[PDB]
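[1] this one's structure only:
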């Protein structure tokens, strides 16, 4: 399992709301239903129901890189890399509504 | 078994406004038929309301400290079972904040 921590940012980039959810170390939930994506579409799904303060699918999750800068990710291929940075079982990300 | 839950009221300067505690049951949920999903969360959030009338009845969010210490606004039973996993004693501390 892997707990993913999300950080809500308003106008002053200030933590608006904080929530976490238990994730599976597996690559994807389904094998047949999955039509390409998996982790991204899954995470972005929770963040929506967890952060109703903003649109359901009108937001972009930005993750810190080796440099620290923010990189709005939206693809499974990007997730597998994001986890490569964190050595622990905690995946932190910056949530921002479009 | 029993478990006392301590709540901390926060105003504008995040200063302790009011302090109150209530005896809780170690059981998973109070009812089995009436319960329509939730249990501990809906139960705790119920007391905090009657205990902290200074704010809205259901217009508040309880934040609990994590392994890191940061505040995590919880609102689901699944989140409660985890919060208790942190505290080893029979005292559950939480930060109450009115929306």
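    Thanks, I have the structure now. Numbering: from 1, shown residues only, chains lettered A, B, ... in the order given.
[2] C-alpha from now on. contacts and neighbour counts both.
    OK.
[3] okay, and the beta partners of residue A:3?
    residue A:22, residue A:90 (DSSP bridges).
[4] name the element the most centrally placed residue in chain A belongs to?
    Nearest to the mean C-alpha position of chain A, by CA atoms, centre = their mean, lies residue A:43 at 5.1 Å. Residue A:43 belongs to helix A:39-50 when assigned by DSSP states H and E.
[5] C-terminal to that helix, what's the next element?
    Sequence order places strand A:59-64 as the next helix or strand after helix A:39-50, per DSSP H and E.
[6] just how off-centre is the next helix or strand after that following strand within its chain?
    Toward the C-terminus, strand A:59-64 is succeeded by strand A:70-73 as the next helix or strand (DSSP H and E). Offset of strand A:70-73 from its chain centre (CA atoms, centre = their mean, to the nearest Å): 10 Å.
[7] buried ones in the helix or strand just after strand A:70-73?
    Downstream of strand A:70-73, the first helix or strand assigned by DSSP H and E is helix A:76-85. Under the neighbour-count criterion of 16 or more other CA atoms under 10 Å in any protein chain shown, helix A:76-85 has A:76, A:79, A:82, A:83 buried.
[8] next one: residue A:38 from residue A:80, what distance?
    Between residue A:38 and residue A:80 the computed distance is 11 Å (CA to CA, to the nearest Å).
[9] for chain B, what's the nearest residue on chain A?
    The nearest approach of chain A to chain B comes at residue A:18, 5.0 Å away (CA to the nearest CA).
[10] where does residue A:36 land in three-state SS?
    coil (DSSP: H, G, I helix; E, B strand; the rest coil).
[11] make sure residue A:59 is actually in contact with residue A:74.
    No - applying CA atoms under 8 Å, one finds residue A:59 not in contact with residue A:74, separated by 10.1 Å.
[12] which residues does the spatially closest residue to residue A:46 that is not a sequence neighbour contact?
    Once flanking residues are discounted, residue A:46 sits nearest to residue A:21: 7.7 Å by CA to CA, 6 or more residues apart in numbering or on different chains. Shown in contact with residue A:21 (CA atoms under 8 Å, 6 or more residues apart in numbering or on different chains): A:3, A:4, A:5, A:46.
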